[PDB]
Structure formats: structure tokens, C-alpha cells
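# A structural walkthrough
The lines below spell out each chain.
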2 protein chains.
Amino acid sequence: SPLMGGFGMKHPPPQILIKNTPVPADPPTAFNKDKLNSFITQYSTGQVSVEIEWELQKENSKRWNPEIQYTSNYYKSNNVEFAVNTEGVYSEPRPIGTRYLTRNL
Amino acid sequence: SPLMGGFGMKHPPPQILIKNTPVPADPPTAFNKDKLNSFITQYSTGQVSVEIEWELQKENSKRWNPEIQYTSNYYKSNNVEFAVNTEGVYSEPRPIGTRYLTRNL
């Protein structure tokens, strides 16, 4: 299991490598055997979509007590947590972990 | 809808009425037309079970923000909330309502 947390896999999701194909600017009219360092400056843009299916383990506790849950707070604030501000920059308030429910040992 | 909250029904669950059948102590040997007020003192005991099936409406929010949830608190206390104390008497800490999730208007 990775020490920073997560799922350790022998064969994780493969790396996806992407490159703009070099387009030479224009060769000299007489032949030259050197490797054509002059190129047309360009960049690419696009859309990428990732779809992951996750299997869940539903909590099945017989505990009578109400449990601890992650919640937002109902107190007036300048900004909404996990939103954008007046500038338009999105920010995340605190690091949310996954351990809120309980189980017996 | 009932003003104290709940589901108003024309035909709610019917009342279940229960009574110990009176057992007369012992009648006089000569006949008397009066209605036999002398009885054997007795009480009944038993087990009662109630089974209710509830239909649920699953929350289907597209809200990015984490929501407010009912939770117990992780702070050291003399007793566990919604448990028994050293005496053995069960108590309920506060009145829990049903409105914690959110919807658009």
C-alpha cells in the first residue's frame, strides 16, 4: 500500500504521453545533412475526459448512536467554502479525509 | 398535515385496545342479582412487536459543496450521548429534526 495513501497496483493506469508533431519552418534550397533545428512555433488545445467506475462498500452498522459526519457549517462568511471568490479563483478550505464512520475492531 | 408534525391520514393505524378479562372472586351461595363487584386482582404481561416499512426518497443533489450532516461530537464526556448512564437510565441529549440536506427552491 503506498505510504502517501491510495491503492498500490502492479499495473496502474498507464501513462498517456502527448506531443505536438514538429513542423519544420523551411529547409534551405541546397541540401544539408544537419537535423533541421528551425521549427514553426505552435501549441495544441483540446478536451480530455476521464471516467472512473468505483465500487462502494455500504456502511451496515448496528450502532444506536448518531455518527460523526463531514458537514459544512451554517455560519455567515465572506465566501462559500469550496466555491469561487469575487476574483473567480476556486479554493479548497481544508483537507477532507475519508474516515468519518465507525466500525468495531 | 398535522400541526405538530407528521403524516395526516383519514384512516391512520387503528387503535389496539387491550383488557384483562375480569375474573370474579367467588359468588355468594344464595343468588343475588347485583353485578358482582368482587374480583381477583391480576395483571397481564407480554411482548409486542411493531414492524413498519418506510419508503425513502434518496438525495440526488448536484451540489459541489459538502453538506450539513447530523453528527455526534468527538469530545471526552462522562456519558455517551444516546446511551445509558451508570444508573442504567437511557436518555436522549437533544431533539433531532429531519432537515439537514438541502434542495433548491
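Residues numbered from 1 in each chain as written, not as in the entry; some residues may be left out. Chains lettered and ligands numbered in written order. Part of a larger assembly, values for the part shown. Heavy atoms only, no water.

The name the PDB entry gives chain A is Capsid protein VP1, with Adeno-associated virus 9 as the organism.

Bringing the overall build of chain A into the picture now. Helix and strand content of chain A: zero helices and zero strands. Against the 2.2 N^0.38 benchmark of 13 Å for 105 residues, chain A shows a C-alpha radius of gyration of 26 Å, more extended than a compact globule. Taken along the three principal axes of its C-alpha coordinates, chain A extends 85 × 45 × 25 Å. A buried classification covers 6% of the 105 residues belonging to chain A. Accessible surface, chain A as shown: approximately 11700 Å² in total, 55% of it carbon and sulfur. In chain A, 11 side chains carry a positive charge and 10 a negative one; their mean positions are 8 Å apart. (Helix = DSSP H or I, 4+ residues; strand = E, 2+ residues; numbered from the N terminus. Rg over C-alpha atoms; globule rule 2.2 N^0.38 Å. Buried < 20%, exposed > 50% of the residue type's maximum accessible area, 1.4 Å probe, protein only. Areas by Shrake-Rupley, 256 points an atom, 1.4 Å probe, with all protein chains shown as cover. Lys, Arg positive; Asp, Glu negative; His and termini not counted. Charge placed at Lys NZ, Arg CZ, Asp CG, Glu CD.)

What follows concerns the side chain of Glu-67 of chain B. Here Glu-67 of chain B falls in the buried class, since its relative accessible area comes to 10%. Here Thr-102 of chain B takes part through its side chain, which lies 2.4 Å from a polar atom of the side chain of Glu-67 of chain B. Sequence-distant contacts of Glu-67 of chain B, that is, excluding residues within four places in its chain, are made with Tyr-70, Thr-71 and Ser-72 of chain A together with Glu-59, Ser-61, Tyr-100, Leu-101 and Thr-102 of chain B. (Polar contact = N/O pair within 3.5 Å; in protein donor to acceptor, adjacent residues only side chain to side chain. Contact = heavy atoms within 4.5 Å.)

Within a pair of aromatic rings, the relevant descriptors are the distance that separates the centres and the angle that separates the planes. Counted by the stated rule, this structure contains four aromatic pairs over all chains. Here the aromatic rings of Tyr-70 of chain A and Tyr-100 of chain A are separated by 5.8 Å at their centres, their planes lie at 65 degrees, and the arrangement is edge-to-face. (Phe/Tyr/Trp six-rings, centres within 6.5 Å; stacked < 30°, edge-to-face > 60°.)

Turning our eyes to something else, we now look at the interface of chain A and chain B. At the junction of the two partners, chain A supplies 18 residues and chain B supplies 18 residues. Summed over both sides, the interface between chain A and chain B buries roughly 1400 Å², with carbon and sulfur atoms accounting for 52% of that surface. Remark: the boundary between chain A and chain B carries zero salt bridges. Along the contact surface separating chain A from chain B lie 16 residue pairs in polar contact. When grouped by side-chain class, the residues that make up the side of chain A that touches chain B number nine nonpolar, five polar and four charged. (Buried area = accessible area lost by both parts, 1.4 Å probe. Salt bridge = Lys/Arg side-chain N within 4 Å of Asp/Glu carboxyl O. Nonpolar A, V, L, I, M, F, W, Y, C, P; charged D, E, K, R; others polar.)

With an axial shift of 0.0 Å and an RMSD of 0.0 Å, the rotation relating chain A to chain B amounts to 180 degrees. Both chain copies can therefore be described as sitting about a two-fold axis. Among all residues of chain A, the minimum C-alpha distance to the rotation axis is found for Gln-69 of chain A, at 2.9 Å. A shared binding surface is used by both copies, with 100% of the interface residues of chain A retained as interface residues in chain B. (Least-squares fit on C-alpha atoms.)

Before going further, it helps to spend a moment on the layout of surface pockets. For the largest pocket, the calculated volume is near 2600 Å³. Around the largest pocket, the lining comprises 38 residues; the ones closest to its centre are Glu-59 and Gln-69 of chain A together with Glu-59, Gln-69 and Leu-101 of chain B. Class assignment for the residues of the lining of the largest pocket results in 10 nonpolar, 16 polar and 12 charged. Computed from the structure, the second largest pocket encloses a volume of approximately 390 Å³. Taken together, 15 residues line the second largest pocket, and the ones lying closest to its centre are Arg-63 and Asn-65 of chain A together with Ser-72, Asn-73 and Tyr-74 of chain B. The class makeup of the residues in the lining of the second largest pocket is five nonpolar, six polar and four charged. (1 Å grid on protein atoms, 1.4 Å probe; cavity = no way out; pocket = protein on both sides within 12 Å on 5 of 7 lines; lining within 4 Å. Points joined across faces, edges and corners; volume = space filled by probe spheres on them.)

Attention now moves to the pattern of salt bridges. Scanning the entire structure with this criterion turns up four salt bridges over all chains. The partner of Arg-94 of chain B in a salt bridge is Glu-81 of chain B, and the shortest N-O contact between them spans 3.0 Å.

Residue and element names in this part refer to chain A. Phi angles above zero are rare outside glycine, and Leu-36 is one such case at about 60 degrees. In this model, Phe-82 sits at a positive phi of 65 degrees, which is unusual for a non-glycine residue. Judged by relative accessible area, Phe-82 falls into the buried class, the value being 9%.

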